[PDB]
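Q: Got a sequence here, can you build the structure:
(one chain, ligands or ions: 7)
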Amino acid sequence: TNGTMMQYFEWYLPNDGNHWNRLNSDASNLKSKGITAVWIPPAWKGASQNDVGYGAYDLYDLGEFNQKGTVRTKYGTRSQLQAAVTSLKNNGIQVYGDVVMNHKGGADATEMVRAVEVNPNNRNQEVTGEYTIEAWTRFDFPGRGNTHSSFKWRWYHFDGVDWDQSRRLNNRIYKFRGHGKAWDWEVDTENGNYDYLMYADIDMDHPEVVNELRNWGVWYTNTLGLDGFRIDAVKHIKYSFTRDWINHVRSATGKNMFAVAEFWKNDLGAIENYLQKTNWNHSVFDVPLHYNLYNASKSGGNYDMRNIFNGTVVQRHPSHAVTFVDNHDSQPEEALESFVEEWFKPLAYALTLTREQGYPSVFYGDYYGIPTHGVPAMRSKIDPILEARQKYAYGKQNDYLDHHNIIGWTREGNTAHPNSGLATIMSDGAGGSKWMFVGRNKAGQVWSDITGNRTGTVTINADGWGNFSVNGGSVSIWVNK
Ligand SMILES: C[C@H]1O[C@H](O[C@H]2[C@H](O)[C@@H](O)[C@@H](O[C@H]3[C@H](O)[C@@H](O)[C@H](O)O[C@@H]3CO)O[C@@H]2CO)[C@H](O)[C@@H](O)[C@@H]1N[C@H]1C=C(CO)[C@@H](O[C@H]2O[C@H](CO)[C@@H](O[C@H]3O[C@H](CO)[C@@H](O[C@H]4O[C@H](CO)[C@@H](O[C@H]5O[C@H](C)[C@@H](N[C@H]6C=C(CO)[C@@H](O)[C@H](O)[C@H]6O)[C@H](O)[C@H]5O)[C@H](O)[C@H]4O)[C@H](O)[C@H]3O)[C@H](O)[C@H]2O)[C@H](O)[C@H]1O
Ligand SMILES: OC[C@H]1O[C@H](O[C@H]2[C@H](O)[C@@H](O)[C@@H](O)O[C@@H]2CO)[C@H](O)[C@@H](O)[C@@H]1O
Ligand SMILES: OC[C@H]1O[C@H](O[C@H]2[C@H](O)[C@@H](O)[C@@H](O)O[C@@H]2CO)[C@H](O)[C@@H](O)[C@@H]1O
Ligand SMILES: [Ca+2]
Ligand SMILES: [Ca+2]
Ligand SMILES: [Ca+2]
Ligand code: NA
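A: Numbering: from 1, shown residues only. Ligands and ions are numbered 1, 2, ... in the order given. Next up is the structure itself:
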């Protein structure tokens with residue numbers, strides 16, 4: 001019954017065009033381990049073959065056309081992708097496609113555009129008069145032609161860029177001039193107006209653009225048979241646009257598409273604003289939780305575990321939180337590097353997978369490892385936790401986040417799941433024990449640690465209490481197995 005999604009990719013995967021095939025053959029395995037949904041990497045053609053996909057060139061080229069010097073994307077061909085999706089569907093796994101609508105990179109040609117420079121630290125302040133720049137805003141898709149879509153992009157479909165091919169100046173942000181041209185609103189306010197991020201910034205004020213992206217969303221959904229979306233860089237996209245784009249796609253497909261937005265800011269208030277402005281119609285990644293987990297793993301035991309959920313989305317708005325430990329941006333060497341340390345990682349996964357609130361996600365990089373950066377596969381430590389979530393994490397939850405090192409919580413289980421119920425106990429410091437209530441109906445049961453970290457057993461007393469133990473800097477998940 002408990003759902004668990006998996007980000008099926010990491011930044012440094014090899015550019016071998018065999019990822020779709022890997023996913024294909026891993027389908028049955030994932031389902032057996034408790035994975036119920038998979039978030040696939042960008043499926044379209046990037047600025048180059050080895051682009052992870054965020055340098056989004058052509059959203060209609062899913063590794064089907066000869067563009068950018070390659071037919072396949074970094075992950076494989078459209079055929080292989082569709083074969084992987086079918087495999088997932090046949091194994092009862094939902095498929096969430098990534099969605100990049102903030103910008104377009106790898107333009108086919110440049111155009112002469114009138115623009116003014118703006119202050120990178122306050123995009124609402126123009127710092128130069130108007131003049132002509134050479135911007136990469138033209139997309140004709142020579143390898144695709146009009147297949148799937150005849151829509152062509154020009155400078156007027158964008159709000160600006162950060163590169164003038166005619167002068168090649170650094171640290172500049174250009175806001176295009178013209179009828180109705182201005183940064184979109186509402187967007188995040190860091191830097192005054194955070195509409196601009198990278199590449200050619202799409203203008204959500206243009207009717208042709210809104211119409212086109214909505215039509216693409218429908219095409220994308222119907223073509224692959226997607227069950228949901230992972231929406232990229234939403235704090236840089238007109239809030240109402242994303243809200244209405246999701247509503248449009250759900251309506252046009254007659255499907256209640258799941259959606260998780262990436263609003264990257266360690267600030268609950270900003271995320272709450274985003275949720276209210278989008279009418280709570282979709283979920284968001286719990287970025288604050290990720291930082292709490294990260295900071296805890298870097299505090300050498302001095303983090304106050306009692307506050308592990310303070311300021312998080314899962315604590316405040318559990319129904320709209322997608323909890324994750326790490327991702328492709330937080331992994332080593334990447335843009336948002338803040339990788340949760342290996343010793344703490346099992347605790348982090350226990351914190352997201354065994355509690356009743358939030359929609360947890362497993363990171364491919366953590367599960368299978370990141371060989372390029374020395375990160376070992378941790379599936380051996382994650383699998384026992386996934387099994388705990390699948391079979392035992394059910395029923396009423398009792399919290400015991402009452403100590404700076406040792407915290408824990410129990411689940412009383414429900415009749416819908418046999419022998420369900422559990423007692424998670426962890427310590428970011430010295431080991432110990434904690435008495436916790438698991439339910440009077442469990443009296444006499446002899447519980448054991450599904451993680452295997454502790455080898456003994458814990459007998460629930462006549463009143464439903466068990467004295468659970470945990471080793472130092474570790475987590476134990478006691479269950480009636
Ligand atoms: C990654 C993350 O970033 C953002 O997060 C911010 C955050 O907003 C900010 O607040 C802060 O975060 C703090 C929090 O607020 C705090 O609360 C917390 O406590 O601390 C935080 C840490 O400070 O900082 C964060 C990081 O900055 C954003 O909000 C997140 O959403 C975002 N994560 C998601 C979003 C992504 C965007 O899709 C995605 O990013 C990925 O992938 C990106 C794309 O690869 C990558 O971007 C980087 O690399 C780009 C490519 O190098 C670079 O682009 C520039 O350079 C290009 C040239 O290479 C330019 O292109 C143009 O010029 C070229 C020449 C043209 N090419 C021509 C020429 C040719 C030569 O002959 C031809 O061959 C070609 O065919 C032609 O086309 C091209 O067409 C032109 O367009 C381009 O204009 C330049 O912008 C980017 O600038 C650079 O950033 C990211 O690194 C990577 O992470 C995330 O993965 C996704 O999860
Ligand atoms: O004269 C150039 C012209 O460019 C833009 O007009 C675009 C318009 O935005 C598109 O929707 C489409 O209709 O193509 C037009 C160009 O033929 C500017 O918006 C406009 O102000 C400008 O005059
Ligand atoms: O739709 C407006 C709605 O917003 C709030 O309700 C949120 C709630 O705060 C979230 O935690 C979650 O439960 O989603 C709800 C929206 O479905 C307000 O609390 C509510 O009064 C208001 O109607
Ligand atoms: Ca605009
Ligand atoms: Ca934008
Ligand atoms: Ca501590
Ligand atoms: Na814009």
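Q: check which helix or strand covers residue 113.
A: Remark: residue 113 resides in strand 109-119, with elements defined by DSSP states H and E.
Q: so what does that strand touch, helix or strand wise?
A: strand 122-126, strand 131-138, strand 173-176 (3 or more C-beta pairs under 8 Å, 6 or more residues apart in numbering; DSSP states H and E). (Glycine included, C-beta is placed from N, CA and C.)
Q: Is any residue of the following helix or strand past the last one near ligand 4?
A: Proceeding C-terminally, strand 173-176 gives way to strand 200-202 as the next helix or strand, assigned by DSSP H and E. No: with C-beta under 5 Å from the ion as the measure, strand 200-202 is seen stopping short of ligand 4, the closest distance being 8.3 Å.
Q: What's the nearest residue in the protein when you look at ligand 4?
A: Nearest residue of the chain to ligand 4 (C-beta to the ion) works out as residue 205 at 3.7 Å.
Q: now the strand holding residue 113, how far from the chain's geometric center?
A: For strand 109-119, the distance from its own C-alpha centre to the chain's C-alpha centre is 32 Å (C-alpha atoms, centre = their mean, to the nearest Å).
Q: Need the residues that contact it.
A: 124-138, 140, 154-155, 160, 165, 172-178, 192 (C-beta atoms under 8 Å, 6 or more residues apart in numbering).
Q: In that strand, which residues are buried?
A: If you call a residue buried by 16 or more other C-beta atoms under 10 Å, then strand 109-119 has these buried ones: 110-111, 113, 115-118.
Q: Ok, stretch 331-338 next?
A: Taking 16+ other C-beta under 10 Å as the neighbour-count basis, stretch 331-338 is seen to contain the buried residues 331-332, 334, 338.
Q: Which residues does it contact?
A: Outside stretch 331-338, the residues within contact range by C-beta under 8 Å, 6+ apart are 10-12, 264, 290-291, 294, 328-330, 339, 365, 370, 373, 375.
Q: Same check on stretch 82-98?
A: The contact list for stretch 82-98, computed with C-beta under 8 Å, 6+ apart, reads 5, 20-21, 23-25, 27-28, 30-31, 35-43, 53, 76, 220-221, 224-230, 232, 258, 260.
Q: before we move on, the earlier item: can you tell me which of the buried residues of strand 109-119 is closest to residue 361?
A: Residue 361 has its nearest neighbour among these in residue 118, at 35.8 Å by C-beta to C-beta.
Q: before we move on, back to that, right, and the residue of the chain closest to ligand 4 touches residue 185 too?
A: No: applying C-beta atoms under 8 Å as the test, residue 205 and residue 185 come out as separate, 9.0 Å apart.
Q: Look at those two and report which has more neighbours.
A: Relative neighbour count places residue 205 above the other of residue 205 and residue 185, with 16 against 13, counting by other C-beta atoms under 10 Å.
Q: quick one on the thing from earlier: quick check: which element contains the residue of the chain closest to ligand 4?
A: In this structure, residue 205 sits in neither a helix nor a strand according to DSSP H and E.
Q: coming back round to it: and which of the buried residues of strand 109-119 is nearest ligand 7?
A: Using C-beta to the ion, residue 118 comes nearest to ligand 7 of those, at 12.5 Å.
Q: partners of the closest one in the sheet?
A: Per DSSP bridges, the residues bridged to residue 118 are residue 126, residue 173.
Q: residues contacting the residue nearest to residue 97 when sequence neighbours are not counted?
A: If you skip the residues right next to it in sequence, residue 97 has residue 226 as its closest partner in space, 4.7 Å away by C-beta to C-beta, 6 or more residues apart in numbering. Residue 226 makes contacts with 95-97, 220, 257, as judged by C-beta under 8 Å, 6+ apart.
Q: Which of those residues sits closest to residue 393?
A: For the contacts of residue 226, with residue 393 as the reference and C-beta to C-beta as the criterion, the closest is residue 96, at 21.9 Å.
Q: quick one, phi psi at the closest one?
A: Residue 96 adopts backbone torsions of phi -110, psi 120, taken as degrees, to the nearest 10.
Q: go on, residue 295?
A: Backbone dihedrals for residue 295, given as degrees, to the nearest 10, come out at phi -60, psi -40.
Q: my read: residue 386 touches residue 31, true?
A: No: counting by C-beta under 8 Å, residue 386 does not reach residue 31; the two are 11.2 Å apart.
Q: Okay, and the residue nearest to residue 97 sits in which element?
A: Residue-wise, residue 226 maps onto no helix or strand under DSSP H and E.
Q: Distance check, it against residue 149.
A: To residue 149, residue 226 is 17 Å away according to C-beta to C-beta, to the nearest Å.
Q: Now do residue 16: how many residues are near it, please.
A: Residues contacting residue 16 under the criterion other C-beta under 10 Å number 13.
Q: Three-state assignment for it, please.
A: In the three-state summary, residue 16 is assigned as coil, counting by DSSP: H, G, I helix; E, B strand; the rest coil.
Q: if I look at it, how far off is ligand 2?
A: 41 Å (C-beta to the nearest ligand atom, to the nearest Å).
Q: okay, now residue 129: neighbour count?
A: When neighbours are counted by other C-beta under 10 Å, residue 129 registers 8.
Q: Leaving aside the residues adjacent along the chain, what's closest to it?
A: Spatial nearest neighbour of residue 129, excluding adjacent residues (C-beta to C-beta, 6+ apart): residue 116 at 6.6 Å.
Q: which residues touch residue 72?
A: Applying C-beta under 8 Å, 6+ apart, we find residue 72 in contact with 17, 49, 63, 80.
Q: Let's see that with 7 Å instead.
A: Remark: with contacts taken as C-beta atoms under 7 Å, 6 or more residues apart in numbering, residue 72 is in contact with 17, 63.
Q: any idea which helix or strand carries it?
A: Secondary structure from DSSP H and E places residue 72 outside every helix and strand.
Q: For residue 349, see how far away it is.
A: In terms of C-beta to C-beta, residue 72 sits 33 Å off from residue 349.
Q: Equivalent analysis for residue 131, please.
A: Residue 131 sits 53 Å away from residue 349 when distances are taken as C-beta to C-beta.
Q: Could you check which of those two has the larger neighbour count?
A: residue 349 (29 against 14).
Q: Give me the domain ranges for this structure.
A: Each domain of the chain is listed here as a residue range: 1-101+207-394, 102-206, 395-481, per curated CATH domains.
Q: out of the helices and strands packed on strand 109-119, deepest packed?
A: Among those, judged by mean count of other C-beta atoms under 10 Å, the one packed with the most neighbours on average is strand 173-176 (a mean of 23).
Q: Can you give the contact residues for that strand?
A: Taking C-beta under 7 Å, 6+ apart as the criterion, the residues outside strand 173-176 that touch it are 113-118, 120, 123, 133, 155, 158-162, 164, 183, 196.
Q: Report whether it contacts ligand 4.
A: No: shown here: strand 173-176 not in contact with ligand 4 (C-beta under 5 Å from the ion), separated by at least 8.7 Å.
Q: Since that was my last question, I'll sign off now.
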